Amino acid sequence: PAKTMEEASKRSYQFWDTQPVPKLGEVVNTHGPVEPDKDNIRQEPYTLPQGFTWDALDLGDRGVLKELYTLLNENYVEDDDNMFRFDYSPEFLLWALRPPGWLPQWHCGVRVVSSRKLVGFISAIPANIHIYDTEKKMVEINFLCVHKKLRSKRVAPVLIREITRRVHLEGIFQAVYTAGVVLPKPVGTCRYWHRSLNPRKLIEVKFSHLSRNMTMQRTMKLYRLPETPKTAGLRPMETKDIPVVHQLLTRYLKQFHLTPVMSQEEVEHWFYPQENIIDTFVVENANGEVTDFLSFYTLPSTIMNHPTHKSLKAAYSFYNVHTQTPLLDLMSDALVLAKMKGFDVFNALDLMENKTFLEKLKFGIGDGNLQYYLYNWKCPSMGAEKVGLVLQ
């Protein structure tokens, strides 16, 4: 697994070389599909290793949702030093996996035949995606996970081929996804940055480090935030704000080159506040007009050395739209709100306009690149600041 483009050129991709993606290091100047829409699709599921079987996870069954939570809680993404692991909650998983248009056959699980234990997963959800001058119905792929005891046995390529087949059956032939590893071939490369909210805890669990020329007392003063936000008229998003949030987001996203195209129903799903999942605040001015909004989702991480201890509480910048409030002010209030709600750290990528505030608001650069990818769509790559899409 190459995490660097230099590593990636010294690697061969036995699976990805067979897929309709551009080759690494080839410069793309065209825009369109690699292969045509298929007018007949394999009806039979791909073959799994002996002893494993496919299943479609109906998350409306609480027991099945808990099985998925447990698979991910124990086997999903860890940080580069294997000290933290994502701890997606069941309620978050419902938010991320049942948006408008979701299909249970696109919650694609692998179970042990004899025990029925869940040991692998991958998911698709539908999304309309604007990529340069084209809008395409696509899927977003997420939650690719193979049990630690099943790794390095070529199960991930089978999971990818099977979700591909199941998406093809529904008439969809493009996808978007992110990954921490370099594959053929990123359409954009983004970097996470981090803003300490509770510096004492971040240093104690070694999420961050004391600068060695700075004391703890000094670090606490440096990152201290006001107790209340400064922007006039900031308040939680409400049902009555759904249309204007939709309108604000649609107009704001036009300036980027890879963006979602959301219906008003999708806007309600992705932004309407749900405690411990998604937070959205709007700025309603002295005229009663909503002019700006900020949003972040809740994604804690298990502290692997102390599974007993409370998870590390992280907020992830989602979509932030400014038309009257300066973005710097909007994000300052996002930090204060996250601190108020008990988060330890606030995370943001360097995409969209985020580079204009990261250093000024005392974010520090993170240790991993997030690559963005399109499947069966060959187009030029773009800089992070033109990426306008944030996944979970």
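Think of the rigid core as the biggest set of C-alphas that the two forms share within 1.5 Å after superposition. So that there is no doubt, residue numbering starts at 1 and follows the sequence shown.
The higher RMS C-alpha distance to the shown form in 8 other deposited structures of this protein, out of 110 to 118 and 309 to 317, belongs to 309 to 317, with every structure fitted on the core. Take 130 to 138 and 298 to 306, fit the other structures onto the shown form by the rigid core, and average the C-alpha distances in 8 other deposited structures of this protein: the farther stretch is 298 to 306.
As listed in the deposited structure, the average C-alpha B-factor of 22 to 30 and of 64 to 72 is greater for 22 to 30. Of the two stretches examined, 205 to 213 and 102 to 110, the record assigns the greater average C-alpha temperature factor to 205 to 213. Note on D80, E284, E170, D241: the highest value goes to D80, judged by CA B factor as recorded. Looking at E265, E162, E140, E275, the one whose CA carries the top B-factor in the deposited record is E275. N347 sits in the lowest third of its chain by CA B factor, as recorded in the PDB entry.
Residue-level temperature factors show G366 in the middle third of its chain, judged at the C-alpha atom. Looking at the C-alpha B-factors along this chain, the one for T53 belongs to the middle third. Annotation for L327: CA B-factor lies in the highest third of the chain's modelled residues. Remark: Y375 belongs to the lowest third of its chain, ranked by C-alpha B-factor as recorded.
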